[PDB]
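Here is the structure we will look at, set down as structure tokens.
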Amino acid sequence: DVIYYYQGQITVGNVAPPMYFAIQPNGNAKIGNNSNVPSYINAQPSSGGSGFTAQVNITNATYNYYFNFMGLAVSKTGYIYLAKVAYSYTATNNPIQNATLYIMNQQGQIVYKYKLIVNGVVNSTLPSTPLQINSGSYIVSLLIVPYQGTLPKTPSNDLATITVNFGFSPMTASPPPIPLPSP
Amino acid sequence: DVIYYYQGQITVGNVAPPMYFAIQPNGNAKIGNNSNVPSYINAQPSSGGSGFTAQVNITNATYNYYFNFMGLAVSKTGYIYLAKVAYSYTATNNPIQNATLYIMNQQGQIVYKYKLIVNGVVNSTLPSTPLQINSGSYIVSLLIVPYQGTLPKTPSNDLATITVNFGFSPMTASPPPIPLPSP
Amino acid sequence: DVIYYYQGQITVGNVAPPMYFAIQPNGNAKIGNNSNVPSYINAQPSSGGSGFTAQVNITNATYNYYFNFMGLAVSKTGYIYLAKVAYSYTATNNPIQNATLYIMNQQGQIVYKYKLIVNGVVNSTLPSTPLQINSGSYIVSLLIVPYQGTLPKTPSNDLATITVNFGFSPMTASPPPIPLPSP
Amino acid sequence: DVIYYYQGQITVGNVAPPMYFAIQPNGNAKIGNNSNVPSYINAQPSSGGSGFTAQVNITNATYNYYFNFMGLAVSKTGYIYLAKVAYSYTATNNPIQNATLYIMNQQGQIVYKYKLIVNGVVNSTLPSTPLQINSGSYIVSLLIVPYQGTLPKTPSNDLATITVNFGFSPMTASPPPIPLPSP
Amino acid sequence: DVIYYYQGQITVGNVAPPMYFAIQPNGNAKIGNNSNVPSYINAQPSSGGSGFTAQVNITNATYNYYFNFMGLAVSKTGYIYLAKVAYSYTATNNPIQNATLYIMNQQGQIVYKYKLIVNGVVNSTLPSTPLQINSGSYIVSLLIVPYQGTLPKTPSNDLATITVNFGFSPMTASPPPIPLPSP
Amino acid sequence: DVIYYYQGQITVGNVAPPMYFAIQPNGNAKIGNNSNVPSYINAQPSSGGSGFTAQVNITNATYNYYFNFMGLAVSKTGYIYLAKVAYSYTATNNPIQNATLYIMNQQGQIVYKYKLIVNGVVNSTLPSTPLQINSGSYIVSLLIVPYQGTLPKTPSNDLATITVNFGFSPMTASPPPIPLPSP
Amino acid sequence: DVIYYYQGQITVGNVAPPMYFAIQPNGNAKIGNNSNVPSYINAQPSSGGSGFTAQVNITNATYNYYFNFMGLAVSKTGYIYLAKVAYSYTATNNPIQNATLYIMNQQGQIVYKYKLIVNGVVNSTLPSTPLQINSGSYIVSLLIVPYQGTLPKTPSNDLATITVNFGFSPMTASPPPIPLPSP
Amino acid sequence: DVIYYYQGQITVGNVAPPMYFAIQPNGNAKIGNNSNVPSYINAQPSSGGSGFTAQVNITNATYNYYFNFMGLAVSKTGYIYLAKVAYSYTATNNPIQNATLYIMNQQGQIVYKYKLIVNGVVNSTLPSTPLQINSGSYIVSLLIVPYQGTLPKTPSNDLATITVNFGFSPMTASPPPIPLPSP
Amino acid sequence: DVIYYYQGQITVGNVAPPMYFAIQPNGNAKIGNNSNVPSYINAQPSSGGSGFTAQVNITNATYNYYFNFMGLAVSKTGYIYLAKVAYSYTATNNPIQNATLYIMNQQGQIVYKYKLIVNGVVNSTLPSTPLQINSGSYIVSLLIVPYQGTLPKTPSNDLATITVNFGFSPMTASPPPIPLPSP
Ligand SMILES: *[C@@H]1O[C@H](CO)[C@@H](O[C@@H]2O[C@H](CO[C@H]3O[C@H](CO)[C@@H](O)[C@H](O)[C@@H]3O)[C@@H](O[C@H]3O[C@H](CO)[C@@H](O)[C@H](O)[C@@H]3O)[C@H](O[C@@H]3O[C@H](CS(=O)(=O)O)[C@@H](O[C@@H]4O[C@H](CO)[C@@H](O)[C@H](O)[C@H]4O)[C@H](O)[C@H]3O)[C@H]2NC(C)=O)[C@H](O)[C@H]1NC(C)=O
Ligand SMILES: *[C@@H]1O[C@H](CO)[C@@H](O[C@@H]2O[C@H](CO[C@H]3O[C@H](CO)[C@@H](O)[C@H](O)[C@@H]3O)[C@@H](O[C@H]3O[C@H](CO)[C@@H](O)[C@H](O)[C@@H]3O)[C@H](O[C@@H]3O[C@H](CS(=O)(=O)O)[C@@H](O[C@@H]4O[C@H](CO)[C@@H](O)[C@H](O)[C@H]4O)[C@H](O)[C@H]3O)[C@H]2NC(C)=O)[C@H](O)[C@H]1NC(C)=O
Ligand SMILES: *[C@@H]1O[C@H](CO)[C@@H](O[C@@H]2O[C@H](CO[C@H]3O[C@H](CO)[C@@H](O)[C@H](O)[C@@H]3O)[C@@H](O[C@H]3O[C@H](CO)[C@@H](O)[C@H](O)[C@@H]3O)[C@H](O[C@@H]3O[C@H](CS(=O)(=O)O)[C@@H](O[C@@H]4O[C@H](CO)[C@@H](O)[C@H](O)[C@H]4O)[C@H](O)[C@H]3O)[C@H]2NC(C)=O)[C@H](O)[C@H]1NC(C)=O
Ligand SMILES: *[C@@H]1O[C@H](CO)[C@@H](O[C@@H]2O[C@H](CO[C@H]3O[C@H](CO)[C@@H](O)[C@H](O)[C@@H]3O)[C@@H](O[C@H]3O[C@H](CO)[C@@H](O)[C@H](O)[C@@H]3O)[C@H](O[C@@H]3O[C@H](CS(=O)(=O)O)[C@@H](O[C@@H]4O[C@H](CO)[C@@H](O)[C@H](O)[C@H]4O)[C@H](O)[C@H]3O)[C@H]2NC(C)=O)[C@H](O)[C@H]1NC(C)=O
Ligand SMILES: *[C@@H]1O[C@H](CO)[C@@H](O[C@@H]2O[C@H](CO[C@H]3O[C@H](CO)[C@@H](O)[C@H](O)[C@@H]3O)[C@@H](O[C@H]3O[C@H](CO)[C@@H](O)[C@H](O)[C@@H]3O)[C@H](O[C@@H]3O[C@H](CS(=O)(=O)O)[C@@H](O[C@@H]4O[C@H](CO)[C@@H](O)[C@H](O)[C@H]4O)[C@H](O)[C@H]3O)[C@H]2NC(C)=O)[C@H](O)[C@H]1NC(C)=O
């Protein structure tokens with residue numbers, strides 16, 4: 001039995017993150033400063049700014065908006081896109097109708113709008129088109145429009161969960177909408 | 001003292017490689033065309049396509065993906081398998097949690113997924129089962145999921161090293177998972 | 001002129017060979033069963049198992065391994081050693097960097113490793129120390145690590161030749177590493 | 001009828017042998033110490049060291065070497081040569097291709113090489129040139145390279161016979177290559 | 001008492017010897033030039049070439065050959081034969097098995113071979129057939145094959161004695177094998 | 001002065017000789033047929049077979065033998081003996097050591113041996129004992145053993161002379177050894 | 001005519017003979033005992049011992065000797081001499097060369113030698129000198145040396161005749177050599 | 001009766017004897033000097049030389065010779081002759097065959113020979129012819145040849161007697177042979 | 001005295017003598033022819049033939065014979081006889097022993113023998129018997145045998161004398177022997 005072996009050598013280094021999530025990045029007090037409302041939101045950036053974890057409460061309102069719950073610092077101009085969104089709910093009925101995540105400029109103008117959930121299902125065209133972001137600091141906000149009539153009378157903490165993946169390519173040319181493989 | 005001598009004669013020739021690594025093999029511009037991102041990856045095929053050497057930077061993201069960093073041309077249908085993987089890191093803490101190397105079709109469908117490192121250790125079942133590859137050109141990609149909190153603030157170039165060996169048997173019948181002996 | 005003549009009489013008989021090379025010796029189908037890969041190896045035992053002749057092709061891989069290309073039946077426990085190795089190549093540059101011949105057990109564990117060529121030259125300590133082999137059947141395999149960059153683009157059949165001599169002494173005591181004289 | 005008678009008187013005495021064959025001569029354990037391998041060689045010196053008789057077995061190997069099967073003690077510096085070699089075989093086909101008898105120094109360096117049989121026939125130039133040997137003790141060894149394919153499957157004890165005569169002249173001047181007359 | 005007396009008168013003259021033994025006869029340096037090896041042979045022609053006296057030493061060899069120990073000049077073509085051989089030995093056991101005296105041409109071809117002793121006894125047919133010798137110069141040599149095992153360890157000078165008589169008739173017709181009467 | 005005269009009358013007649021010397025007597029070609037070797041002997045019977053005259057040449061041999069140089073026909077059984085032998089030599093040194101005259105049967109068996117000269121002197125007991133000869137034909141031969149070293153280099157014809165007298169008594173009773181008186 | 005007559009008277013008596021011939025005189029068996037060889041001699045003493053008559057045969061021998069054919073008894077010491085010898089032969093050629101008559105002592109020593117015929121003629125000095133003989137008994141013998149070549153092939157009885165006269169004077173003083181007158 | 005007487009007167013004188021017998025006549029010692037051999041002859045001249053008386057002994061010899069037994073002196077030249085011879089013997093057989101009386105010269109030459117007895121009888125012609133004798137001295141001798149076989153064994157002194165008469169006429173002319181008358 | 005005278009007358013005549021002595025009577029030369037030997041006899045007839053006178057010499061011979069000294073012629077037949085003989089000698093001893101006178105016939109036969117002296121004395125019977133003589137002529141001779149030893153050494157002429165008388169009677173009848181008277 002003839003075997004030919006092919007050797008690949010990978011030497012892994014480390015570079016400052018192109019984009020990262022934070023609370024008040026680079027000392028800017030207007031960029032991510034509502035991640036700790038005592039009884040309604042609690043959002044923290046993941047270890048080393050790799051992501052954000054947010055506990056959110058929706059409260060029988062037609063629009064539940066969470067403004068400036070994290071800040072996104074894009075150190076180098078690159079191309080961002082929404083890679084994958086997963087939504088699972090534990091209630092009998094679907095609690096969330098619409099869910100959108102907004103990246104806004106420092107003055108509150110929407111730079112990119114990301115429709116996480118439309119009409120109770122996750123966005124079919126998951127790997128959205130890579131679009132360009134300039135270096136700077138941006139606000140991120142979340143709007144959730146629920147199905148009224150579904151929210152339980154007794155409060156809960158796991159009505160639903162939404163996981164979002166954002167791809168950033170720090171390249172000159174816009175890359176194809178490459179999806180995220182399962183490790 | 002009686003001695004019997006047994007003479008073996010080996011006449012060594014040369015044959016075109018069954019599989020080989022390249023950048024854009026056979027002029028196909030969609031097969032290995034991201035081996036030179038200016039500041040994040042630098043991957044080159046070894047002399048005569050015997051392997052690949054890649055410098056990679058991981059950057060505080062939950063998934064660090066390097067798509068299409070080399071192309072694999074399999075000139076003849078054969079059986080491929082992962083033979084041996086070695087991983088050594090120079091940092092105090094383990095920088096890499098998961099590391100997977102994907103061989104994908106030209107359209108981005110995963111043909112074979114090779115888990116180089118799972119949960120910070122190298123894959124116990126090293127000589128994976130030989131599986132069949134048809135002749136053609138394929139993309140290879142690398143996904144590295146780090147331990148966040150371990151990546152140093154100051155950049156480096158030898159945080160870790162991963163060496164991979166792939167065995168290809170150009171035979172009709174699938175061979176046993178023969179390991180690679182030390183020369 | 002006085003001459004004294006001394007007469008020696010040698011009567012030559014015949015005994016079964018202590019060790020011999022074969023393909024599937026004694027009907028064991030796991031001992032030498034890869035001596036005929038259609039386009040990459042062709043290994044045959046010499047007349048009456050006195051040795052082996054193998055045409056091998058090396059193919060731009062970092063390790064070219066030829067597993068189970070012959071079987072060695074050692075009918076009686078004796079002492080084996082590598083007696084002499086000669087290597088001549090016809091190409092301008094040296095094609096072979098390392099060349100090792102492995103004698104392995106039926107389960108693929110290396111019993112003795114014989115470094116035919118190290119770093120492009122033949123092993124300086126040619127008459128290796130006689131070591132003991134028990135009666136049984138063993139696999140033999142060859143690993144060739146070439147100098148990449150030297151292999152010609154157009155295939156050939158006499159890139160190089162390696163001739164190996166193995167000495168077997170079928171004695172109770174280990175003999176000195178007796179070399180093989182030129183007839 | 002006239003007859004003239006001429007009377008010759010020869011008075012025969014006795015002198016220690018100039019050279020003689022032995023096993024471990026003069027107590028030297030490194031000079032002739034392999035004349036009794038249990039199943040492969042049995043070599044004994046003739047009565048009073050006048051010659052050697054050896055039963056040898058050849059065993060399907062490309063070189064069958066019998067090292068140190070006798071010792072030669074040359075008590076006085078003289079001139080040695082090969083006088084006559086006769087070879088007769090009882091098998092249908094010739095079993096022996098090459099047969100050489102080596103006289104080597106105590107350290108295994110070949111002093112004189114005597115080609116008994118070359119390519120299946122006895123050496124045409126039988127009375128080889130007398131060459132000088134200094135007083136001392138020397139090893140003698142035999143190498144037989146058979147015609148593989150001719151050795152019988154069932155063992156035998158008279159496959160062939162080789163008788164060798166060595167002439168030693170204990171004189172200051174080298175004698176002519178005097179042949180051995182038939183008594 | 002009648003007595004008749006018959007008177008015979010013999011007048012004795014002298015003629016050059018028909019054949020005679022010598023060392024280098026007639027200045028020919030290739031005819032009898034080994035009658036004085038310092039420690040192994042000492043052969044001298046008898047007074048006036050009537051015969052030869054040789055002290056010989058036999059030395060534990062299977063053939064003890066004494067080449068060119070005397071020269072025979074046959075001035076006139078005649079008929080030679082072996083007349084009488086006597087052998088007496090002083091050792092307990094017979095030291096000599098075979099003893100042959102060779103008359104050879106100048107080029108070393110055997111003209112006549114005279115078996116003095118065969119298998120330890122003197123040749124039964126003592127008065128051998130007269131055979132013709134042409135005028136010229138010839139070599140004489142002696143081969144003694146001993147009984148090994150009989151030669152004493154301590155050297156001696158009268159182990160045995162062999163006396164030979166050669167009859168030469170210088171006549172045209174071959175004479176009958178006339179024996180030598182005791183004076 | 002008284003004188004008495006005594007007259008004796010002897011009438012002398014003639015009888016066939018009892019014994020006589022001849023060449024081939026009575027037509028027997030085996031009885032005296034070597035009396036004329038061209039250059040070495042010339043023997044003739046005396047007038048009427050009363051004796052023999054022989055010119056003989058001795059030639060540097062240890063035994064000079066002259067076989068069948070005369071024949072003796074004894075017509076009537078009688079008693080023969082050697083009566084007187086005289087030897088005179090003309091050389092400075094004695095040329096003849098031993099000289100014996102043999103009377104042999106037709107088959108070559110010695111009937112009577114007559115030692116003419118022993119050790120250079122003539123036989124002291126000259127009138128040897130009369131011994132009986134039967135009627136028939138007999139060979140006579142002469143053996144001369146010279147003093148080597150005395151024979152001259154240049155040939156001669158009167159080196160020495162030996163005269164022999166044989167007495168034959170044709171009587172029934174053996175006579176006393178009557179000597180031969182000087183006429 | 002005056003005549004004077006002178007008368008002489010002789011009275012003749014008789015005395016024992018001083019010397020006489022006989023066969024075995026006085027019983028002595030060693031004195032005259034070969035007067036009757038059957039075919040070669042026949043000698044008888046004359047009547048009363050006055051002389052001897054002998055028929056003799058000469059037989060082609062160089063010396064024809066007739067020993068002890070008569071005995072001479074000399075009773076009284078006297079003086080003997082040869083008086084007259086007459087020789088006549090009937091053959092064409094002279095048959096007798098020498099003829100001598102010997103008077104010998106009892107021990108065979110010659111007392112007086114009488115040359116009857118010398119070289120074919122009778123002795124010129126016929127009346128030899130009277131020499132003294134002592135009383136006793138003596139042998140007489142005859143030697144005849146013939147002319148070989150003259151003796152006839154066919155035997156005869158009167159080839160020749162020799163008559164001898166011996167004078168004996170029985171006196172004290174030696175007489176003159178008185179010859180024998182014709183009666 | 002007439003008677004006439006005639007007277008003759010003779011006057012007788014005396015003259016010296018013409019011839020006479022003697023012993024050594026006239027002092028000549030060579031003329032008659034053997035008349036006294038002690039035991040064989042005794043001859044004396046008669047008184048006054050008138051004759052001789054001799055006792056003679058004959059002794060078994062073929063000739064009995066008595067030399068010089070008397071001397072005859074013839075003083076005057078005269079004529080001598082034998083006148084009468086008488087022979088008588090006393091033995092049975094005749095003892096004397098021949099008897100001759102010789103008158104010889106002083107030198108032993110026979111002057112006259114007188115045959116007294118021929119063949120046993122006395123000479124028939126008794127008065128022999130007167131022959132002349134010159135004056136001088138002469139020897140006389142007697143030869144007697146007996147009949148052997150007749151002589152007696154015991155000696156005697158009168159075997160026979162012979163008487164002789166010699167007539168001498170001292171005259172100038174030879175007388176007739178006058179016989180001697182009986183007185 | 002008467003006387004008667006008687007006268008006788010005798011007339012004497014003369015007659016021729018009847019017998020007479022002579023020398024050569026009647027011319028017969030054979031009858032008396034030795035009467036004159038010069039020195040030994042001298043005989044002459046007496047005057048007229050009456051007798052004879054003879055001088056005779058006797059000479060030491062045993063018989064002294066004087067033959068034919070006279071002749072007797074008897075003219076007439078008558079009777080003769082010896083009448084008287086007288087013998088006288090003058091020597092001391094008798095010189096004559098015998099003396100006889102013979103009358104013989106012409107042929108020498110004795111007619112009558114007359115013994116004058118016998119044994120030294122004269123014949124006793126002197127007148128011998130007359131015997132008859134016939135007419136004729138006769139010889140007369142004298143023989144004298146002397147006494148040897150008596151004859152004188154010196155010669156003489158009258159040693160003795162003998163005278164003889166012969167009577168002749170010329171008558172027819174024989175007369176008586178008449179003696180001769182003295183005148
Ligand atoms: C297996 O490994 C083998 C190693 O030798 C490879 O053989 C080499 O192939 C080269 C071309 O390969 C490229 O192109 C083919 C398509 O044709 C693709 O399949 C490959 O993926 C790859 O992209 C070739 O390089 C050059 O060759 C030509 C010169 O002969 C040149 O025109 C071409 O444009 C290529 O660039 C190798 O050829 C030899 O090249 C060396 C230079 S180098 O080693 O290539 O850099 C030349 O040496 C020069 O010689 C001159 C004197 O002539 C000297 O003065 C100077 O010092 C020296 O540089 C040789 O002359 C030239 O022959 C070729 N190697 C050999 C030994 O032939 C093989 O492709 C590998 N297999 C695969 C599938 O890639
Ligand atoms: C040492 O070297 C020896 C060289 O002779 C070898 O001896 C030979 O063994 C052969 C069989 O060996 C095979 O099988 C054994 C198990 O039995 C294994 O241990 C071996 O590893 C090996 O796989 C044998 O070959 C054939 O022999 C039979 C015929 O006798 C046949 O039925 C078998 O099926 C084998 O194929 C050799 O035998 C001789 O074979 C030759 C043909 S060939 O040389 O083998 O190709 C025959 O010649 C034919 O003869 C006919 C006339 O009879 C001719 O007309 C024709 O022209 C000719 O081809 C012989 O007749 C036949 O005897 C056998 N060699 C000898 C000389 O006996 C030995 O095995 C070696 N040692 C080892 C351990 O392998
Ligand atoms: C040339 O050929 C010669 C042939 O005779 C050799 O002579 C023999 O040497 C023997 C010893 O040689 C060995 O040792 C020497 C060192 O000393 C080495 O150089 C040699 O290479 C060799 O290894 C000798 O054998 C024995 O001799 C001793 C007895 O005398 C004994 O103590 C020793 O230990 C040896 O074993 C030969 O001696 C004779 O030996 C025979 C027995 S045998 O023939 O050796 O086997 C004895 O016969 C015995 O006698 C008894 C009565 O005594 C009998 O009852 C019995 O039946 C019988 O066996 C002899 O008695 C004994 O003398 C010796 N041969 C002779 C004739 O002396 C010579 O070595 C050769 N040359 C070389 C260089 O090797
Ligand atoms: C047959 O046997 C014969 C025996 O006599 C031999 O005769 C002798 O030949 C000798 C020479 O022979 C050699 O040379 C010839 C070639 O010429 C070869 O064919 C022969 O093979 C052989 O090699 C000869 O010896 C010497 O002779 C010369 C002197 O005459 C001398 O110059 C030479 O150089 C030789 O060396 C024999 O001659 C006699 O020699 C003795 C000495 S010896 O006996 O030779 O050693 C001399 O005696 C000396 O005399 C002196 C007084 O003169 C004394 O004072 C002294 O004491 C004494 O030594 C003689 O004088 C000398 O004549 C010669 N022998 C005779 C008797 O002549 C013959 O060669 C034999 N046949 C063959 C074919 O070889
Ligand atoms: C000298 O010559 C003489 C010649 O007569 C020799 O005298 C004869 O001697 C005879 C014996 O001589 C032998 O013996 C003596 C020793 O005694 C030796 O010395 C001799 O050498 C010799 O050998 C003698 O012969 C025989 O005599 C005996 C008889 O008397 C007799 O017994 C003996 O045995 C002898 O044989 C001669 O004697 C006479 O012999 C004749 C016979 S014959 O003549 O001898 O043959 C007899 O005649 C016979 O007589 C009878 C009548 O009686 C007749 O009837 C018959 O016809 C007749 O034969 C005589 O009677 C006898 O006397 C003897 N001769 C004489 C005459 O006496 C003498 O020996 C010589 N000298 C020497 C030294 O030998």
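By convention here, the chains of the structure tokens are called A, B, ... in the order presented, each chain's residues are numbered starting at 1, and ligands are numbered starting at 1 in the order presented.
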_Could you list the protein, DNA and RNA residues that have any atom within 9 Å of ligand 5, counting only C-alpha atoms and all ligand atoms, and write them as a PyMOL selection string?_
(chain G and resi 16-26+47-50+73+75) or (chain H and resi 59-61+93+147-154)
Can I get the selected residues back with C-alpha atoms, as a tab-separated table (two decimals), in the first residue's frame?
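Saved as again_18.tsv:
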chain	number	residue	atom	x	y	z
G	16	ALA	CA	116.86	-102.52	-6.32
G	17	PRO	CA	116.08	-99.51	-8.56
G	18	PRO	CA	117.23	-96.17	-7.10
G	19	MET	CA	114.20	-94.33	-8.52
G	20	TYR	CA	111.09	-95.86	-10.04
G	21	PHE	CA	107.72	-94.77	-11.40
G	22	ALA	CA	104.56	-96.21	-9.90
G	23	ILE	CA	100.89	-95.68	-9.09
G	24	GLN	CA	100.50	-95.04	-5.36
G	25	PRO	CA	104.04	-96.25	-4.41
G	26	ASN	CA	104.54	-97.76	-0.96
G	47	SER	CA	107.27	-102.99	-16.61
G	48	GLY	CA	109.00	-102.84	-13.23
G	49	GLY	CA	108.83	-99.07	-12.93
G	50	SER	CA	111.39	-98.38	-15.64
G	73	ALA	CA	109.68	-93.03	-5.66
G	75	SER	CA	114.53	-94.82	-2.71
H	59	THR	CA	118.40	-101.93	-11.68
H	60	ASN	CA	115.02	-101.93	-13.39
H	61	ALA	CA	115.87	-98.95	-15.67
H	93	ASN	CA	114.69	-115.88	-18.31
H	147	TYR	CA	114.38	-107.40	-20.27
H	148	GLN	CA	112.16	-105.76	-17.68
H	149	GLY	CA	109.99	-108.32	-15.95
H	150	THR	CA	112.95	-110.70	-15.67
H	151	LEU	CA	115.02	-108.98	-12.98
H	152	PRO	CA	114.60	-110.76	-9.62
H	153	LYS	CA	113.05	-108.95	-6.66
H	154	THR	CA	115.78	-110.09	-4.27
*Members of chain A assigned strand (DSSP E or B) by DSSP, as a PyMOL selection string*: chain A and resi 2-14+19-22+41-45+52-56+64-74+78-89+96-104+110-118+121-122+131-133+136-146+160-169
*asked:* Using only C-alpha atoms, which protein or nucleic acid residues come within 10 Å of residue 52 (chain C)? Drop anything in the same chain fewer than 2 positions from it, and give the result as a ChimeraX atom specification.
replied: /B:6-10 /C:20-22,43-47,49-50,54,69-71,163-164
Selection from above, N, CA and C atoms, as a tab-separated table (two decimals), in the first residue's frame, can you write it?
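So the final result, stored in selection15.tsv, reads:
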chain	number	residue	atom	x	y	z
B	6	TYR	N	21.62	-11.02	2.23
B	6	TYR	CA	20.46	-10.90	1.37
B	6	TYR	C	20.46	-9.52	0.73
B	7	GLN	N	20.43	-9.46	-0.60
B	7	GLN	CA	20.61	-8.18	-1.29
B	7	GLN	C	19.27	-7.68	-1.80
B	8	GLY	N	18.90	-6.45	-1.43
B	8	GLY	CA	17.75	-5.81	-2.02
B	8	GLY	C	18.15	-4.63	-2.89
B	9	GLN	N	17.54	-4.53	-4.08
B	9	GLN	CA	17.83	-3.44	-4.98
B	9	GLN	C	16.58	-2.61	-5.22
B	10	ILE	N	16.66	-1.31	-4.94
B	10	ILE	CA	15.54	-0.41	-5.14
B	10	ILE	C	15.94	0.63	-6.17
C	20	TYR	N	14.07	-15.28	4.58
C	20	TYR	CA	13.86	-15.10	3.16
C	20	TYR	C	12.76	-14.07	2.92
C	21	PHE	N	12.86	-13.36	1.80
C	21	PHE	CA	11.86	-12.40	1.40
C	21	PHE	C	10.82	-13.07	0.53
C	22	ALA	N	9.57	-12.63	0.65
C	22	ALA	CA	8.50	-13.26	-0.10
C	22	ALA	C	7.31	-12.31	-0.20
C	43	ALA	N	7.42	-4.41	-6.71
C	43	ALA	CA	8.44	-5.08	-5.93
C	43	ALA	C	8.25	-6.57	-6.06
C	44	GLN	N	9.34	-7.26	-6.36
C	44	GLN	CA	9.31	-8.70	-6.51
C	44	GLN	C	10.46	-9.28	-5.67
C	45	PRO	N	10.28	-10.43	-5.02
C	45	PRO	CA	11.40	-11.10	-4.36
C	45	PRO	C	12.33	-11.75	-5.37
C	46	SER	N	13.62	-11.77	-5.03
C	46	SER	CA	14.63	-12.31	-5.92
C	46	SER	C	14.46	-13.81	-6.00
C	47	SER	N	15.16	-14.46	-6.94
C	47	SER	CA	14.97	-15.89	-7.15
C	47	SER	C	15.27	-16.65	-5.87
C	49	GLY	N	13.98	-16.09	-2.89
C	49	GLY	CA	13.89	-15.29	-1.70
C	49	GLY	C	15.23	-14.75	-1.19
C	50	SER	N	16.20	-14.64	-2.08
C	50	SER	CA	17.51	-14.18	-1.69
C	50	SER	C	17.55	-12.66	-1.50
C	54	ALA	N	12.83	-3.68	-6.30
C	54	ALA	CA	11.65	-2.82	-6.28
C	54	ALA	C	11.85	-1.60	-7.15
C	69	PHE	N	5.67	-3.67	1.26
C	69	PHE	CA	6.03	-3.99	-0.12
C	69	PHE	C	6.70	-5.35	-0.23
C	70	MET	N	7.10	-5.93	0.90
C	70	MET	CA	7.63	-7.29	0.89
C	70	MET	C	7.38	-7.83	2.29
C	71	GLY	N	7.49	-9.15	2.41
C	71	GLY	CA	7.39	-9.80	3.70
C	71	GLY	C	8.70	-10.53	3.98
C	163	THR	N	21.01	0.08	-3.34
C	163	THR	CA	21.19	-1.35	-3.13
C	163	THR	C	21.54	-1.59	-1.68
C	164	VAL	N	20.86	-2.56	-1.08
C	164	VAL	CA	20.98	-2.83	0.34
C	164	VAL	C	21.34	-4.29	0.51
*asked:* Excluding residue 99 (chain G) and its own-chain neighbours fewer than 4 positions away, which residues fall within 6 Å of it when counting only C-alpha atoms? Please give them as number ranges by chain.
replied: G: 116-117, 143-144
Please produce a file of those selected residues containing C-alpha atoms, as a short mmCIF file (atom, residue, chain, number, x, y, z; two decimals), in the first residue's frame.
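See selection-v3.cif below for the written result:
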data_model
loop_
_atom_site.label_atom_id
_atom_site.label_comp_id
_atom_site.auth_asym_id
_atom_site.auth_seq_id
_atom_site.Cartn_x
_atom_site.Cartn_y
_atom_site.Cartn_z
CA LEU G 116 110.03 -80.75 -22.65
CA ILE G 117 108.93 -78.51 -25.54
CA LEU G 143 101.16 -79.29 -18.72
CA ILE G 144 100.52 -78.97 -22.45
#
